[PDB]
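Taking the form deposited in one PDB entry, here's one chain by itself in structure tokens.
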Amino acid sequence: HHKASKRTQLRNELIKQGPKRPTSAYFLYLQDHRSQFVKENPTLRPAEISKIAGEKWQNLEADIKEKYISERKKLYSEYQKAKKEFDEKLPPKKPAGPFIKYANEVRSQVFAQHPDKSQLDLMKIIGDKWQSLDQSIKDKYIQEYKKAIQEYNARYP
């Protein structure tokens, strides 16, 4: 929907060269037994080899499905750490605006009072609450943002 701004493009390009999600468990069984399914089944398309591997997967003994599941869990948590560290060194986004700040304060109370509404209807309610605020109260949130952006610009000139 929203065409990436030039700061967002850099962030997106930076992200694209960071750590990536590890492979799935089912895939791990493939990478170990790729030369075994062709040696054993040399007569169907490469896509058909995959279909029997998935049939093999749904009917395979549980110990087996667990072993390679264990490997995905190890690979993912090391990716989790690696992604966490990377993400922290990324160029920080701008501070949220006055409304976002207000919304992140009253959201708990508003949900507690409208538990029947979806979050999207909740944000509609929160948006109308902001519109209704006393001007001196909006000013508090506009001043918080002024302080936040002044600090942000002092930290990244």
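Numbering starts at 1 and follows the sequence shown. Between two forms, the rigid core is defined as the largest C-alpha subset superposing within 1.5 Å.
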Which has higher Cα B-factors on average according to the PDB entry: 15-23 or 133-141? 15-23
On average, are the C-alpha B-factors higher in 104-112 or in 36-44? 36-44
Can you tell me which of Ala96, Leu122, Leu90, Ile69 has the maximum CA B-factor listed in the PDB entry? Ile69
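One more form of this protein exists, namely the form deposited in another entry; it is left out here, but the text below deals with it.
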I want to make sure I read this right: if the two forms are fitted on their rigid core, which of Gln58, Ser132, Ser35, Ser108 has a C-alpha displacement of 2 angstroms or more between the shown form and the other one? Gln58
